[PDB]
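Step one of this worksheet: look at the structure below.
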Number of protein chains: 2
Amino acid sequence: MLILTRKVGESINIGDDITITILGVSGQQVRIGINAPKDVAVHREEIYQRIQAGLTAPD
Amino acid sequence: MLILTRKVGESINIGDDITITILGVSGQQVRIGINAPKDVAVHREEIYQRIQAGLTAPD
RNA sequence: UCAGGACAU
RNA sequence: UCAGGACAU
């Protein structure tokens, strides 16, 4: 686990092929971006539960 | 490239072993959390430049 | 901004 | 906002 603080217009990184960018905020909402190869997956925590059910590609 | 707009307390996911959470905001600041194995790296964009200089894991 | 592989900025 | 593998929340 890691925790750190950032502000709009800055970035964070993961692995050696992933990047994250805080595009800005709108009230409690926070617009964020993600940059990774299609060799990996990325979704909301909601959609992730449909995938970790036992797969990475639908029927 | 992906873009999301979610608020404090929400979560997002990457790969099959990474998770992200938005702990909250303060004006323009945005405190964030990350959860991944030590088999991968995670730092802010500032520290990432010390790593991509020729490596991906500290001493 | 209700969910996408797009900064719509 | 100071930099860590910790929500210090």
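Going through the structure tokens in order, the chains are called A, B, and so on, while each chain numbers its residues from 1 and the ligands are numbered from 1 in the order shown.
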Quick one: residues within 12 Å of residue 9 of chain C, only C-alpha atoms (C1' of nucleotides) counted, chain neighbours fewer than 2 positions away excluded, as a PyMOL selection string?
(chain A and resi 9+22-24+31-33) or (chain B and resi 3) or (chain C and resi 6-7)
Tell me, counting only C-alpha atoms (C1' of nucleotides), for each residue of chain B within 10 Å of chain D, which pair of atoms is nearest and how far apart they are in Å to one decimal, in rows ordered by chain and increasing number, as CSV.
residue,atom,partner,partner_atom,distance
B:21,CA,D:7,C1',9.2
B:22,CA,D:7,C1',9.5
B:23,CA,D:7,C1',6.7
B:24,CA,D:9,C1',9.6
B:26,CA,D:1,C1',9.5
B:28,CA,D:1,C1',9.3
B:29,CA,D:1,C1',6.9
B:30,CA,D:1,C1',9.4
B:31,CA,D:7,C1',9.3
B:32,CA,D:7,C1',8.6
B:33,CA,D:7,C1',7.1
B:34,CA,D:5,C1',8.8
B:35,CA,D:5,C1',8.3
B:36,CA,D:5,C1',8.4
B:37,CA,D:5,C1',8.7
B:38,CA,D:5,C1',7.4
B:41,CA,D:5,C1',8.8
B:42,CA,D:5,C1',8.0
B:43,CA,D:4,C1',8.3
B:44,CA,D:3,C1',9.1
B:47,CA,D:3,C1',9.2
Ordered Cα pairing of chain B with chain A, RMSD after least-squares superposition
1.2 Å
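Of note, atom CA of residue 40 of chain B and atom CA of residue 51 of chain A are spaced 21.3 Å apart.
Shell of residue 27 of chain B at 10 Å, with only C-alpha atoms (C1' of nucleotides) counted and residues fewer than 4 places along the chain excluded, is residues 7, 8, 25 and 27 of chain A.
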Can I get the selection written as a PDB file, in the first residue's frame, with N, CA, C and O atoms?
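Written file, again-v1.pdb:
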ATOM      1  N   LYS A   7      -1.447  17.569  -7.012  1.00  0.00           N
ATOM      2  CA  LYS A   7      -2.468  18.553  -7.367  1.00  0.00           C
ATOM      3  C   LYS A   7      -2.685  18.566  -8.871  1.00  0.00           C
ATOM      4  O   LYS A   7      -1.936  17.940  -9.620  1.00  0.00           O
ATOM      5  N   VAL A   8      -3.718  19.282  -9.313  1.00  0.00           N
ATOM      6  CA  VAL A   8      -4.119  19.249 -10.710  1.00  0.00           C
ATOM      7  C   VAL A   8      -2.986  19.670 -11.638  1.00  0.00           C
ATOM      8  O   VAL A   8      -2.321  20.679 -11.408  1.00  0.00           O
ATOM      9  N   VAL A  25     -10.097  18.905 -11.039  1.00  0.00           N
ATOM     10  CA  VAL A  25     -11.208  18.576 -10.149  1.00  0.00           C
ATOM     11  C   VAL A  25     -12.465  19.362 -10.512  1.00  0.00           C
ATOM     12  O   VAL A  25     -12.395  20.383 -11.194  1.00  0.00           O
ATOM     13  N   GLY A  27     -15.750  19.948  -7.996  1.00  0.00           N
ATOM     14  CA  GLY A  27     -16.425  19.606  -6.755  1.00  0.00           C
ATOM     15  C   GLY A  27     -15.699  18.430  -6.118  1.00  0.00           C
ATOM     16  O   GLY A  27     -14.468  18.396  -6.126  1.00  0.00           O
TER      17      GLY A  27
END
Residue set, chain A restricted to alpha helix (DSSP H), as a VMD selection string
chain A and resid 45 to 51
List every residue of chain A that DSSP, applied to the backbone of this structure, assigns to strand (DSSP E), and report them as a list in words.
residues 2, 3, 4, 5, 6, 7, 11, 12, 13, 14, 18, 19, 20, 21, 22, 23, 24, 25, 26, 29, 30, 31, 32, 33, 34, 35, 42, 43 and 44 of chain A
The distance between atom CA of residue 1 of chain B and atom CA of residue 54 of chain B is 25.0 Å
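Atom CA of residue 18 of chain A to atom CA of residue 50 of chain A spans 22.6 Å [interatomic distance, one decimal].
Here the question is which of B:17, B:10, B:39, B:5 gets nearest to chain A using only C-alpha atoms, and that residue is B:5.
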